[PDB]
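Below is one structure; the comments refer to it alone.
Cβ placement follows ideal geometry from the backbone for every residue including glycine, while neighbour counts extend to all protein chains displayed. Readers should treat all values here as calculations from the given coordinates under stated rules, not as data from a laboratory.
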Amino acid sequence: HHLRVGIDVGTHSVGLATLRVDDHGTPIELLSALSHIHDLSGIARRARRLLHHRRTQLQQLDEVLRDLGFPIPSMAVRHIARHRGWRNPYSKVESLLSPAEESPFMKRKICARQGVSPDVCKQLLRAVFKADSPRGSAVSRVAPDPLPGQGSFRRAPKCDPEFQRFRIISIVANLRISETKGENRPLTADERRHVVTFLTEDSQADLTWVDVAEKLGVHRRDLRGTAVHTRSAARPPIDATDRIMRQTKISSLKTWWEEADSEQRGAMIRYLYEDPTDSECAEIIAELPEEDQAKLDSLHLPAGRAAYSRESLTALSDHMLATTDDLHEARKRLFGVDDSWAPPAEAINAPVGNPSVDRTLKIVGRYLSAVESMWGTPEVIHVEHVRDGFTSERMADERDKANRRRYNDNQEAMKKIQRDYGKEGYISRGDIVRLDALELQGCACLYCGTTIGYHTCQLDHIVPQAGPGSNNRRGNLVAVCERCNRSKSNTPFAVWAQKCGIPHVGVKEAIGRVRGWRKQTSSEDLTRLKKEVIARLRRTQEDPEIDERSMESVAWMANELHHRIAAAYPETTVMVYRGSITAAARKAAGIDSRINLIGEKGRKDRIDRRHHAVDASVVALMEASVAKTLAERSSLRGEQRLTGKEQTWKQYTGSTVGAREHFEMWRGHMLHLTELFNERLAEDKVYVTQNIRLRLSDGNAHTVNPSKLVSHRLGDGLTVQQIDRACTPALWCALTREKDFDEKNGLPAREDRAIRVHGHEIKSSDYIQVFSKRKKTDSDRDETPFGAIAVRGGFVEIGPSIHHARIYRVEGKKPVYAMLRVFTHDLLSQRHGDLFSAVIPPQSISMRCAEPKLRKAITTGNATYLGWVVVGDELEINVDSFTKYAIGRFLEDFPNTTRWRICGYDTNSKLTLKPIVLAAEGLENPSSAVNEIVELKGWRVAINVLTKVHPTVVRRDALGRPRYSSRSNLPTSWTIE
Ligand SMILES: [Mg+2]
Ligand SMILES: [Mg+2]
Ligand SMILES: [Mg+2]
Ligand SMILES: [Zn+2]
């Protein structure tokens, strides 16, 4: 039984698919296919938690002082002030550097000080000397180091520079050198230091193992162990934290890191990640707001929790660098564990403190569990990662905008070439790069210095690439005279220079020319370019051949995801590819326009959300030989764009009979897959799912200034509408219990009225307070109630803070459907109970804001509670009757749109609905109605008219299948009837 799982990670979605193939890889059954749709800062929240806890600790200190015969606000108040101020918020000691909570002393004239032996109460008291200050991480819970002897140290976050260094060293410690066969030796300590120093020189370099081989002075073929597991590293490792810090859009942070103290780099990373307890930062941080702002939450440090503490990480690191041990041997020697000892891996869904990542990880974890339970262990789990991408909606938006920018800069470059050279027709990337290089190089051949121009110069790849294609990055391309290009042939520059004997051709001369480069109009980009070019001008070995791992993602989160999945499914082959693989595959197998998705196709961006399920299905079917061939076709294409010639890359399907046969077979499989997928679409079993929130939203909020309450003299009488806006439920009870309260006319004017609210007597001559949104100079006599709560200084609205809606049928000859929106506030007292059956009493703000007819029906026992919905819930709706207004016209353009998602409660009797299958971004010049329904307001429909067509509230399990019953008490589907 061959099961292949595919996962397509997007910015806002995850496509998921399970495929059964036979012994020769032909897809025979598409078992599952679906699209799961998703939907201050950490630094200052940690700061605030810290502030409150410390504060209460200072209060405890005052408690100690008062009861110690000291006054909280002449020697006595002096001692008070000294101990409070000059110590308690100062944390001076902090002597021998300890996070050990409690802390031993280890150690006129007569008036001060002592004591003598006592008042160590005071010393122990200074915020209890932070014993124990923290309730939250990194104390609870950051799990302890599991190595024997290390159990008092907390495990380090993977973003810690010490972890990054450990990882690099560990990988280097797996490398072998072959000097004769078969006589592998590990790298010596000196070699290890040399390679580690090299890999940490520039975290922004894009190196291959060939670069490492050259640094070691060995042929690439003689360097081994690059593919050994600690997944193995296809490319040499870098410090991912340092790279992120040097590439961040937060200017002053980058600047700081640049000149930072190294120990201070570590301390800073710890601060930004989880420890709100340094002085230097945030004394470093506070500067330059807006950068301090939501920008700081945009900083995406490498995720994950290391298996070991910093202490262990550095001990293991130093040992591996100074010897020839690998990690396994290192751990045995340093800590004495046996050969079977292994640290556990984080669970797939273990939180990384990043909302998008975390939602993705929960989805993947539960899908893989459901797949295994239902069908058995998969042979492969293939993932496609998104791009850049997968950090936030924010960073995705920004990168998209900057991509439209770069697109425009390229279009301008094309225009300028057409203008300046009169080039009609296709303007290749070769044309653009050649002109750019000519200008950069001041019209001189990089290799021999001779004058060249647009007619005479040619573009060269400095370093050739073994096998089909070349490395086509700008840093491997230079403008060159015809003579040097012809002489150099297929040789790396440095090798050719050593033997060509042409005047002014050499490595040093060429480097010199490169150092001479200046911007023709981004200096960072240029500096990077120059470093890349200089490095390539030194190279004496070819770039390595394209292989099955050329398409593998090298993003941190991709490696971490690979690690968690492989550890959770040890018998399964796991791969995480970059987010271009499925588009490449779909083009090569020619299957866009074969899938029967909604959309003109017309691509552009696919409007049908089921496309993520297509991409997951395709990635499930990917295979090593095919990945290699696709990477090659792409490289060949890059090459032929540089020569601007007749493109033949589409005809390349491999260099051996075996590769070409695999590729053709795979194209056959892709054809089968489109048949199975179309058939599944026709059964309507390609699902679109989304989670619903069942728990109460907690805290956060605030940040809100109160509106003013309005005062009414009780004795002047009150209308029903004024009473319904009473500033507290208790006041509402007291007003409506009056013997002369009238359901229509409210309370009449009376001079002898006396009511009781919380023990307090309120008389006719007193004033009560109501919520109002009107000026105090206008009448609120007919103002209807709205969701509000009293707070300090007045009230705030609780607009969309609604937890669920309960649907009722008001019984009668003409039955009427209505809903009660239950505000989150009204469930706080019954938090840990059944939220959907908690009592919502007449005096509650929820009831008082419901339709009067529903209120009256509930109070008289004429309302039948059908069931509950929440925002995010799916509705299946017969839409035949809806041919009027905006919804009718929308339906003209997208007929039989029957699956809808509840987006909100437009009013106390209307739901806002948007279609589930359709993506706003895929719209191309929409009619105003379509834009209104999909993109803007959504379909706003009265509960009574909606319910008359008997829609079904659809609830789905982890495989996206409708759930009609549950022995686990999970929410189930139900028809509103
Ligand atoms: Mg050449
Ligand atoms: Mg080649
Ligand atoms: Mg994708
Ligand atoms: Zn030349």
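Within a Cβ distance under 15 Å of residue 333, other residues only, what is the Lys/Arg minus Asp/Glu net charge?
Neighbourhood net charge equals -4.
Cβ neighbours within 10 Å, averaged per peptide: list 300-306, 561-567, 132-138 in order, most packed at the top. Don't jump to the answer; show the numbers that get you there.
On the way: 300-306: 21.6, 561-567: 19.7, 132-138: 15.4.
Packing order, densest peptide first, comes out as 300-306, 561-567, 132-138.
Once you list every other residue whose beta carbon is under 14 Å from the beta carbon of residue 691, what net charge do they have if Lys and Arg are +1 and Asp and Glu are -1? Display every interim value, and only then the final one.
Values: positive: 359, 362, 366, 693, 695, 901, 955, 956, 963; negative: 39, 358, 873, 874, 957.
Value of the local net charge: +4.
Based on alpha-carbon centroids, what's the gap between the stretch 510-575 and the stretch 333-397 in Å, whole number please?
The stretch 510-575 and the stretch 333-397 have Cα centres separated by 24 Å.
How would you order 194-201, 54-61 from highest to lowest mean count of nearby Cβ atoms within 10 Å?
Top to bottom by mean Cβ count within 10 Å: 194-201, 54-61.
To the nearest 20 debye, what charge dipole does the stretch 846-975 have about its Cα centre, counting +1 at the Cβ of each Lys and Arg and -1 at the Cβ of each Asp and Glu?
Dipole about the Cα centre, nearest 20: 720 debye.
How much net charge surrounds residue 582 when only the other residues with a Cβ under 9 Å from the Cβ of residue 582 are counted, with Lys and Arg +1 and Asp and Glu -1?
Result for the local shell: -2.
Relative contact order, percent, of the stretch 564-691 when contacts are C-alpha pairs under 8 Å separated by at least 6 residues?
28 percent
Given the options 715, 521, 447, identify the residue whose Cα lies farthest towards the positive end of the charge dipole of the chain (+1 on Cβ of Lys, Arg; -1 on Cβ of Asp, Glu).
715
At a Förster distance of 41 Å, what's the computed FRET efficiency of residue 297 paired with residue 968, Cβ-Cβ distance as r, to 0.05?
0.70
What ranking, highest mean first, results for peptides 266-275, 951-960, 213-222 when packing means the other Cβ atoms within 10 Å averaged over each residue?
On the way: 266-275: 20.8, 951-960: 19.3, 213-222: 16.0.
Highest mean packing first, the order is 266-275, 951-960, 213-222.
Filter the GluC sites (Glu not before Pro) in the stretch 880-973 down to the DSSP loop ones having no more than 16 other Cβ atoms within 10 Å, then list what survives. Don't jump to the answer; show the numbers that get you there.
Values: sites: 892, 921, 924, 932, 935; in loops: 924, 935.
Loop-located and lightly packed - 924, 935.
How big is the charge dipole of the chain about its Cα centre, in debye rounded to the nearest 20, if each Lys and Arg gets +1 on its Cβ and each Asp and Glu gets -1 on its Cβ?
For the chain, the charge dipole is close to 1880 debye.
Among the listed pairs 107/332; 739/910; 416/531; 708/914; 685/948, which have their C-alpha atoms separated by more than 32 angstrom in this model?
From the list (107/332; 739/910; 416/531; 708/914; 685/948), the Cα-Cα distance tops 32 Å for 107/332; 739/910; 708/914.
How far, in nm, would the chain grow between residue 743 and residue 942 when pulled straight, counting 0.36 nm per residue and subtracting the alpha carbon separation? Present the calculation step by step, with values, prior to reporting the outcome.
Working: separation 199, 0.36 × 199 = 71.64 nm, distance 2.56 nm.
Using 0.36 nm per residue and subtracting the Cα-Cα distance, I get 69.1 nm.
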